[PDB]
Amino acid sequence: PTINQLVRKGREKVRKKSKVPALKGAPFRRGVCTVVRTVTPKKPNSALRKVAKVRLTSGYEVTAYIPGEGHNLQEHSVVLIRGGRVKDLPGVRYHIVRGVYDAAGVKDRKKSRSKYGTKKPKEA
Amino acid sequence: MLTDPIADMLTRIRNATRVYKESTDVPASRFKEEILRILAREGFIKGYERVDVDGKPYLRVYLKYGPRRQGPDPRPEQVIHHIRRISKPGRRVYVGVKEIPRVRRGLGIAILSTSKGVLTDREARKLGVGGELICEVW
RNA sequence: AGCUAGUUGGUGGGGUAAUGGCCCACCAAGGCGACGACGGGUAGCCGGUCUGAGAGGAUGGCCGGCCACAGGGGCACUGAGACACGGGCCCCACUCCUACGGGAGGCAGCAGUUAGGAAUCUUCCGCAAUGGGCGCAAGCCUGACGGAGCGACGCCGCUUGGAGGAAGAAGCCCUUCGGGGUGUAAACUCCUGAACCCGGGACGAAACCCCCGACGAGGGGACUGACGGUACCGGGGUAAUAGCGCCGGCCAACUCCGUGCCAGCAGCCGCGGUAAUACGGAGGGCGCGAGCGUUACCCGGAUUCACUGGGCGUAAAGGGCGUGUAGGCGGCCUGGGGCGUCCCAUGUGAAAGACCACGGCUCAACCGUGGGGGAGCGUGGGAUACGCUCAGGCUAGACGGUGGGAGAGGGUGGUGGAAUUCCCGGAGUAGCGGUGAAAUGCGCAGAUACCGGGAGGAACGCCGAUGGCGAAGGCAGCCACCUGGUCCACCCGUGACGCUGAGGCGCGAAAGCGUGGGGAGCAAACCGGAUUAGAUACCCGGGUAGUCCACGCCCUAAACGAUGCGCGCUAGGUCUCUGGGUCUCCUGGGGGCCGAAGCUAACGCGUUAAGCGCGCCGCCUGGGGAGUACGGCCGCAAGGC
RNA sequence: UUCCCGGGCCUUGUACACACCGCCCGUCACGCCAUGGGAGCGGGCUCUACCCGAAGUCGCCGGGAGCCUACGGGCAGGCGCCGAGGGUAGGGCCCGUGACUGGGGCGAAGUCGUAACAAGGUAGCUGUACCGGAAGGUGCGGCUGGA
RNA sequence: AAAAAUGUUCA
RNA sequence: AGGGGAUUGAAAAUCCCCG
RNA sequence: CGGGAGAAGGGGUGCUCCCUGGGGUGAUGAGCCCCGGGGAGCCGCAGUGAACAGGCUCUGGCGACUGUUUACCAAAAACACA
Ligand SMILES: NC[C@@H]1O[C@H](O[C@H]2[C@@H](O)[C@H](O[C@@H]3[C@@H](O)[C@H](N)C[C@H](N)[C@H]3O[C@H]3O[C@H](CO)[C@@H](O)[C@H](O)[C@H]3N)O[C@@H]2CO)[C@H](N)[C@@H](O)[C@@H]1O
Ligand SMILES: [Mg+2]
Ligand SMILES: [Mg+2]
Ligand SMILES: [Mg+2]
Ligand SMILES: [Mg+2]
Ligand SMILES: [Mg+2]
Ligand SMILES: [Mg+2]
Ligand SMILES: [Mg+2]
Ligand SMILES: [Mg+2]
Ligand SMILES: [Mg+2]
Ligand SMILES: [Mg+2]
Ligand SMILES: [Mg+2]
Ligand SMILES: [Mg+2]
Ligand SMILES: [Mg+2]
Ligand SMILES: [Mg+2]
Ligand SMILES: [Mg+2]
Ligand SMILES: [Mg+2]
Ligand SMILES: [Mg+2]
Ligand SMILES: [Mg+2]
Ligand SMILES: [Mg+2]
Ligand SMILES: [Mg+2]
Ligand SMILES: [Mg+2]
Ligand SMILES: [Mg+2]
Ligand SMILES: [Mg+2]
Ligand SMILES: [Mg+2]
Ligand SMILES: [Mg+2]
Ligand SMILES: [Mg+2]
Ligand SMILES: [Mg+2]
Ligand SMILES: [Mg+2]
Ligand SMILES: [Mg+2]
Ligand SMILES: [Mg+2]
Ligand SMILES: [Mg+2]
Ligand SMILES: [Mg+2]
Ligand SMILES: [Mg+2]
Ligand SMILES: [Mg+2]
Ligand SMILES: [Mg+2]
Ligand SMILES: [Mg+2]
Ligand SMILES: [Mg+2]
Ligand SMILES: [Mg+2]
Ligand SMILES: [Mg+2]
Ligand SMILES: [Mg+2]
Ligand SMILES: [Mg+2]
Ligand SMILES: [Mg+2]
Ligand SMILES: [Mg+2]
Ligand SMILES: [Mg+2]
Ligand SMILES: [Mg+2]
Ligand SMILES: [Mg+2]
Ligand SMILES: [Mg+2]
Ligand SMILES: [Mg+2]
Ligand SMILES: [Mg+2]
Ligand SMILES: [Mg+2]
Ligand SMILES: [Mg+2]
Ligand SMILES: [Mg+2]
Ligand SMILES: [Mg+2]
Ligand SMILES: [Mg+2]
Ligand SMILES: [Mg+2]
Ligand SMILES: [Mg+2]
Ligand SMILES: [Mg+2]
Ligand SMILES: [Mg+2]
Ligand SMILES: [Mg+2]
Ligand SMILES: [Mg+2]
Ligand SMILES: [Mg+2]
Ligand SMILES: [Mg+2]
Ligand SMILES: [Mg+2]
Ligand SMILES: [Mg+2]
Ligand SMILES: [Mg+2]
Ligand SMILES: [Mg+2]
Ligand SMILES: [Mg+2]
Ligand SMILES: [Mg+2]
Ligand SMILES: [Mg+2]
Ligand SMILES: [Mg+2]
Ligand SMILES: [Mg+2]
Ligand SMILES: [Mg+2]
Ligand SMILES: [Mg+2]
Ligand SMILES: [Mg+2]
Ligand SMILES: [Mg+2]
Ligand SMILES: [Mg+2]
Ligand SMILES: [Mg+2]
Ligand SMILES: [Mg+2]
Ligand SMILES: [Mg+2]
Ligand SMILES: [Mg+2]
Ligand SMILES: [Mg+2]
Ligand SMILES: [Mg+2]
Ligand SMILES: [Mg+2]
Ligand SMILES: [Mg+2]
Ligand SMILES: [Mg+2]
Ligand SMILES: [Mg+2]
Ligand SMILES: [Mg+2]
Ligand SMILES: [Mg+2]
Ligand SMILES: [Mg+2]
Ligand SMILES: [Mg+2]
Ligand SMILES: [Mg+2]
Ligand SMILES: [Mg+2]
Ligand SMILES: [Mg+2]
Ligand SMILES: [Mg+2]
Ligand SMILES: [Mg+2]
Ligand SMILES: [Mg+2]
Ligand SMILES: [Mg+2]
Ligand SMILES: [Mg+2]
Ligand SMILES: [Mg+2]
Ligand SMILES: [Mg+2]
Ligand SMILES: [Mg+2]
Ligand SMILES: [Mg+2]
Ligand SMILES: [Mg+2]
Ligand SMILES: [Mg+2]
Ligand SMILES: [Mg+2]
Ligand SMILES: [Mg+2]
Ligand SMILES: [Mg+2]
Ligand SMILES: [Mg+2]
Ligand SMILES: [Mg+2]
Ligand SMILES: [Mg+2]
Ligand SMILES: [Mg+2]
Ligand SMILES: [Mg+2]
Ligand SMILES: [Mg+2]
Ligand SMILES: [Mg+2]
Ligand SMILES: [Mg+2]
Ligand SMILES: [Mg+2]
Ligand SMILES: [Mg+2]
Ligand SMILES: [Mg+2]
Ligand SMILES: [Mg+2]
Ligand SMILES: [Mg+2]
Ligand SMILES: [Mg+2]
Ligand SMILES: [Mg+2]
Ligand SMILES: [Mg+2]
Ligand SMILES: [Mg+2]
Ligand SMILES: [Mg+2]
Ligand SMILES: [Mg+2]
Ligand SMILES: [Mg+2]
Ligand SMILES: [Mg+2]
Ligand SMILES: [Mg+2]
Ligand SMILES: [Mg+2]
Ligand SMILES: [Mg+2]
Ligand SMILES: [Mg+2]
Ligand SMILES: [Mg+2]
Ligand SMILES: [Mg+2]
Ligand SMILES: [Mg+2]
Ligand SMILES: [Mg+2]
Ligand SMILES: [Mg+2]
Ligand SMILES: [Mg+2]
Ligand SMILES: [Mg+2]
Ligand SMILES: [Mg+2]
Ligand SMILES: [Mg+2]
Ligand SMILES: [Mg+2]
Ligand SMILES: [Mg+2]
Ligand SMILES: [Mg+2]
Ligand SMILES: [Mg+2]
Ligand SMILES: [Mg+2]
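The numbering scheme restarts from 1 for each chain and tracks the written sequence of that chain rather than necessarily the entry's numbering. Residues without coordinates are not displayed. Here chains are named by letter from A upward and ligands by number from 1 upward, in the order in which they appear as written. Note: displayed chains form a subset of a larger assembly, with all reported quantities computed for the displayed subset only. Hydrogen atoms and water are omitted, and side-chain values are computed over all heavy atoms in the structure.

For this deposited structure, the header cites X-ray crystallography as the method used and 2.8 Å as the resolution.

Q: Explain the sheet that holds strand β3 (residues 61-65) of chain A to me, using residue names and the numbers behind them.
A: Residue and element names in this part refer to chain A. What makes two strands pair is DSSP finding at least two bridges between them. Strands here are runs of E lasting at least two residues and helices are runs of H or I lasting at least four, both read from the DSSP assignment and numbered beginning at the N terminus. Pairing is antiparallel across the open sheet formed by four strands, whose spatial order is β3-β2-β1-β4. Single-partner strands in this sheet number two, and they are β3 and β4 (78-81). Pairwise comparison of adjacent strand axes, ignoring direction, gives a mean angle of 50 degrees for this sheet. The pairing of strand β2 (residues 51-56) with β3 spans five bridges and is classified as antiparallel. The residue bridging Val54 from the neighbouring strand is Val62, located in β3. An axis is simply a line fitted to the C-alpha atoms; with a helix, the fit covers only the stretch in contact. Between two such axes, the angle follows the N-to-C directions and lies from 0 to 180 degrees.

Q: If you had to explain the packing of aromatic side chains to someone new, which residues and values would you point to?
A: All names here are of chain B. Each aromatic pair joins two rings of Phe, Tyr and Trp (for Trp, the six-membered one) with centres within 6.5 Å, and gets the label stacked for planes under 30 degrees apart, edge-to-face for over 60, and tilted for any other angle. Tallying each qualifying case throughout the model produces one aromatic pair over all chains. Taken together, a centroid distance of 5.5 Å and an interplanar angle of 65 degrees make the contact between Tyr20 and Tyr65 edge-to-face. On the criterion of sequence distance, the pair formed by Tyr20 in the loop between α1 (5-19) and β1 (23-27) and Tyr65 in the loop between β3 (58-63) and β4 (83-85) is long-range, its members being 45 residues apart. Criterion for a charge above a ring: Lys NZ or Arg CZ within 6 Å of the ring centre, and within 35 degrees of the ring normal. Positioned over the ring face of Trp138 is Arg104, at 3.5 Å from the centre of the ring.

Q: Run through the sheet that holds β3 of chain B, naming residues and quoting values.
A: Residues and elements named next belong to chain B. Read across the sheet, three strands follow the order β1-β3-β2 without closing on themselves; strand pairing throughout is antiparallel. Here the strands that pair on one side only, and so sit at the sheet edges, are β1 and β2 (45-50). Across the sheet, the mean angle separating the axes of adjacent strands is 25 degrees when strand polarity is ignored. In this sheet, β3 lies alongside β2 in antiparallel orientation, the contact comprising five bridges. Paired with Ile45 across the strands is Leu63, a residue of β3. Contacting β1 and β3, α1 crosses the sheet at an angle of about 165 degrees to β1. Most of the contacts of helix α2 (residues 30-41) go to β2, to which it runs at about 150 degrees, and overall it touches β1, β2 and β3. It only takes one pair of heavy atoms within 4.5 Å for two residues to be counted as in contact.

Have a look at this one:
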């Protein structure tokens, strides 16, 4: 593109899309679990990943993943959506912040616990 | 029809050189000779001289090259490995006295037109002036 | 994508502190817009802040400056100043009070409540200092301010100890069963001593006020501390919190067990299917540490919107081609102006922040003082190479003249022969046809094959090429008329008149469409016959629109060299079409091959560039979604842009 | 040595490479998501017009009525223009939602056939046109990225 | 100048 | 529909057997 | 694309007085008629003050349309029509 053209047209700034619309650029968004099923892996995996749809504050309703082993979310559990795609399940673009609201931390996790909201146990 | 005669002169030079030629004839132009004079006054070419191809006045420009080389591609290095016009007609390039270029960390030159004559990246700087950054060689 | 009635201007008024359609009469019809008017959306602006090597990109929270607003809307009054947050009037919404007869309120002041949200504090002390209002002053007010409180939210400082101590407890983990690791780590021994305890205790505060002089200048006297009995100094003085993330690669850190494409992990690549350094626990290790992680958002890396700093022959990207408007760009020489450009001086560029020193709190974080830099913009003086401009001149660019050339360039009118099909006539008989093989089909009602006569349509064999013409699409029998472009020669004329080209206008294969005409051959669809598992196909026999012409639409394409146009520069060899010459050769125009330098990711390109350069246009920015949807414009429709 | 099967080297084409026992297309079925059209239904922003029209400013008047006077005049009150908003009407722009309907994306091992890659077993592709379960077939014309 | 279709998933 | 045997590298699919 | 259009939805209309622009015949000046325009002001419930004088819109079916028809029960979606 010649200068003269540049003078006319000019370069166009990109502007990218939110890899996750959790509303008002919010660290997190709350909401109720409308449903709690159990979908299946993508391309080369096999298993029963646990997913849950959620009615967000913002009149929104979306699928959120659930971490660790076992849990306790029901058809009407209040929960916190964190925002983390699960590249292996089409759609799932948000994780549920464990150990918050109706979300129960992980029982007996001893390793990484900051993630999974597990309280620091005593060794006595 | 030649939009920028100067850029041409350089190209004519930049080509004749790339093949190792005795001299080249760029069309007559006072302002052109300037870039020439300077080009030589700085030792880039043996020199030049006016001629005439049937009422058509050109300028013989004698090229200076290096010594033959040892090994494959015994092609002699050149005095001018690089010439390129700066201020083009499609985008005039002006510079203030503090804006003058530092061609090839000093080894290079940067001919340019000024209100008070045609000087180089040093000359003009010494005169402490400015003007159309015509180009740069080295 | 067009907008506009106070709309643009005018004379005279009205209005104001004042200019002005700010307003009102009367008059004139103007005013703005692709340099983006008008309209929709979104938004307080800057100083700065964040990132970047920079250019840039993003941003406008604290503090400073400008504007705007005080539940929503309008209006004035008072006044130096307001259309005035804690003044007034009215309308509206909302909440409240009530003796149900009427009235009241306006936290976007401080603090606090509720709602919402992922989430953001004490209904604190004090006017002692600074600043502000009134007063002669004493002094009154001051949720401004000065301090304190709450939250690892941030920055900075600091502690959980220091020196010894085994060829090395225990426990726990590995183990080739010897041993190895945690590990000087611990215990243990010495010393220091955060916390806590007692004692002393601020700077910030000198003015206003009182006396002398004059109530001035100068000198002397006195009061005042929220924070606070806190900082800080001195004495005594106890070993006195550690956590989080990670360890397949990128990326620093590995072994055992459990589990068995389960459970689960996961930033991208990926891991788990019975020996997992990737899941879960453990021993160990790496990282950072009163923090460590996670999610969100900005800059970077991303030369990934490319001015710095990219591209389009096959990777995404040249417009189907042309003509040309605006616009962008422009040969050589001489002189005048000096707008761009450049230099000097001067104004400006608040403070804060940013950078350099130096000092103040034990350091730092904060903070003070001094210095140094700032684009931009104004004014004054000056320079004239380059761009601009006016003026004078030139002939290398461009255009013209006289004279000739080649060509399927285009349009109209006419014309020739070969072949196919049908019609009539003759002659003649058992099949012809078609195929891989067949069948359908045609034929004793006389076909095929052969001859003669005739009608009509469409295409033009040999020449013909690896050629020629055209801007592209495309153009072929022959002839004449009408007409375009292009090439050479002669140095004759003009004198930069040029290149490009948004928009616009024109042309634009085939298929398709409209009105009318024509119709032999071929032929989507269609119908039969075969093939096949099926055969809505390939093969066979039939067959309509169409293919043709006139006039008018549609406007697409592998509209391809998949290569925009113009000009300049950079080895040759070869064959070929065409032009000129004191013609084994020289020189001009075009088409092919091979190839210098050089270019390219490679293939290849290579004076017919994709080489080295300049001007201008067009266009690209991962794959799918999709050349789709919507809107607009065009079309009769199919559809197109 | 034609033909079936297998094997050598040279060559050509290639979209294959746990390599033709390869690869791969589209319809169909099932599941999840967004999304177009849609009789319409709901709300937000705005424009135009006329009807009522507060407060208030300004302009008249202040007459046969009132109040004040230092007789000039002032106030009250009357009328008008402007006017927030309110009403009625007819437009414009955007958002939501809607029976049903259209395609599109993605989802370990479901159905049907074989279009494409080797003359891909009728070169392929492509604009158009008709047609068919589906890929696709064919007609005209074009290109080589085919011979 | 060729009769002949296809061959589950992850490794 | 799950589980078990055969079968696989492990499935899918396919064959036999259960309240 | 003519049209949907009288779309819808509104406002004005009487009387008196003042100034003023062009027309026709005169004659170029005056009466005489002909179309306007601008200001004030008066009266009533009401000014096309009586009489003549459209209600409108959205949305389906059928038939293109103006037409024609069963004189005396059918005027149509029937007949006709380019
Ligand atoms: N990416 C698929 C898009 O849709 C179509 O593809 C769709 C279908 O053709 C395809 O269906 C395939 C079928 O083709 C193939 N022969 C058998 C296969 N089992 C089916 O599979 C489908 O359904 C199963 C559940 O039954 C899903 O688990 C699977 O993910 C899905 N692809 O599934 C696709 C949707 O996931 C187009 N043909 C394709 O070109 C286009 O890109
Ligand atoms: Mg799969
Ligand atoms: Mg896997
Ligand atoms: Mg993430
Ligand atoms: Mg005035
Ligand atoms: Mg004022
Ligand atoms: Mg105005
Ligand atoms: Mg005026
Ligand atoms: Mg607006
Ligand atoms: Mg705003
Ligand atoms: Mg950078
Ligand atoms: Mg910056
Ligand atoms: Mg960027
Ligand atoms: Mg920005
Ligand atoms: Mg800014
Ligand atoms: Mg912010
Ligand atoms: Mg501020
Ligand atoms: Mg307001
Ligand atoms: Mg409020
Ligand atoms: Mg208000
Ligand atoms: Mg006052
Ligand atoms: Mg006030
Ligand atoms: Mg208040
Ligand atoms: Mg109350
Ligand atoms: Mg009472
Ligand atoms: Mg009352
Ligand atoms: Mg408050
Ligand atoms: Mg709250
Ligand atoms: Mg809440
Ligand atoms: Mg005070
Ligand atoms: Mg004070
Ligand atoms: Mg120690
Ligand atoms: Mg040991
Ligand atoms: Mg041990
Ligand atoms: Mg050891
Ligand atoms: Mg350890
Ligand atoms: Mg001590
Ligand atoms: Mg003190
Ligand atoms: Mg005092
Ligand atoms: Mg004193
Ligand atoms: Mg005290
Ligand atoms: Mg002490
Ligand atoms: Mg001691
Ligand atoms: Mg201890
Ligand atoms: Mg790792
Ligand atoms: Mg490592
Ligand atoms: Mg399991
Ligand atoms: Mg982990
Ligand atoms: Mg095991
Ligand atoms: Mg093992
Ligand atoms: Mg194991
Ligand atoms: Mg592990
Ligand atoms: Mg990008
Ligand atoms: Mg660039
Ligand atoms: Mg390609
Ligand atoms: Mg391409
Ligand atoms: Mg193209
Ligand atoms: Mg042109
Ligand atoms: Mg121009
Ligand atoms: Mg100047
Ligand atoms: Mg400048
Ligand atoms: Mg200065
Ligand atoms: Mg400063
Ligand atoms: Mg210091
Ligand atoms: Mg300073
Ligand atoms: Mg400077
Ligand atoms: Mg001249
Ligand atoms: Mg003819
Ligand atoms: Mg014949
Ligand atoms: Mg026939
Ligand atoms: Mg006979
Ligand atoms: Mg016959
Ligand atoms: Mg040609
Ligand atoms: Mg022709
Ligand atoms: Mg001619
Ligand atoms: Mg001449
Ligand atoms: Mg002359
Ligand atoms: Mg055409
Ligand atoms: Mg045609
Ligand atoms: Mg048709
Ligand atoms: Mg036929
Ligand atoms: Mg046929
Ligand atoms: Mg059959
Ligand atoms: Mg078969
Ligand atoms: Mg025709
Ligand atoms: Mg046209
Ligand atoms: Mg195409
Ligand atoms: Mg081509
Ligand atoms: Mg040639
Ligand atoms: Mg040719
Ligand atoms: Mg080479
Ligand atoms: Mg080549
Ligand atoms: Mg040449
Ligand atoms: Mg050559
Ligand atoms: Mg290239
Ligand atoms: Mg172009
Ligand atoms: Mg994308
Ligand atoms: Mg995309
Ligand atoms: Mg449309
Ligand atoms: Mg239409
Ligand atoms: Mg039609
Ligand atoms: Mg491959
Ligand atoms: Mg196969
Ligand atoms: Mg396979
Ligand atoms: Mg919808
Ligand atoms: Mg709707
Ligand atoms: Mg009305
Ligand atoms: Mg009033
Ligand atoms: Mg909708
Ligand atoms: Mg749907
Ligand atoms: Mg659907
Ligand atoms: Mg579907
Ligand atoms: Mg689908
Ligand atoms: Mg499956
Ligand atoms: Mg095919
Ligand atoms: Mg095939
Ligand atoms: Mg084929
Ligand atoms: Mg065939
Ligand atoms: Mg086709
Ligand atoms: Mg069909
Ligand atoms: Mg169909
Ligand atoms: Mg079917
Ligand atoms: Mg297709
Ligand atoms: Mg067919
Ligand atoms: Mg064909
Ligand atoms: Mg073809
Ligand atoms: Mg073609
Ligand atoms: Mg071809
Ligand atoms: Mg091929
Ligand atoms: Mg056979
Ligand atoms: Mg199949
Ligand atoms: Mg297979
Ligand atoms: Mg399989
Ligand atoms: Mg797998
Ligand atoms: Mg395996
Ligand atoms: Mg109607
Ligand atoms: Mg109507
Ligand atoms: Mg009357
Ligand atoms: Mg009446
Ligand atoms: Mg009547
Ligand atoms: Mg009728
Ligand atoms: Mg009628
Ligand atoms: Mg009848
Ligand atoms: Mg009758
Ligand atoms: Mg009757
Ligand atoms: Mg009737
Ligand atoms: Mg009747």
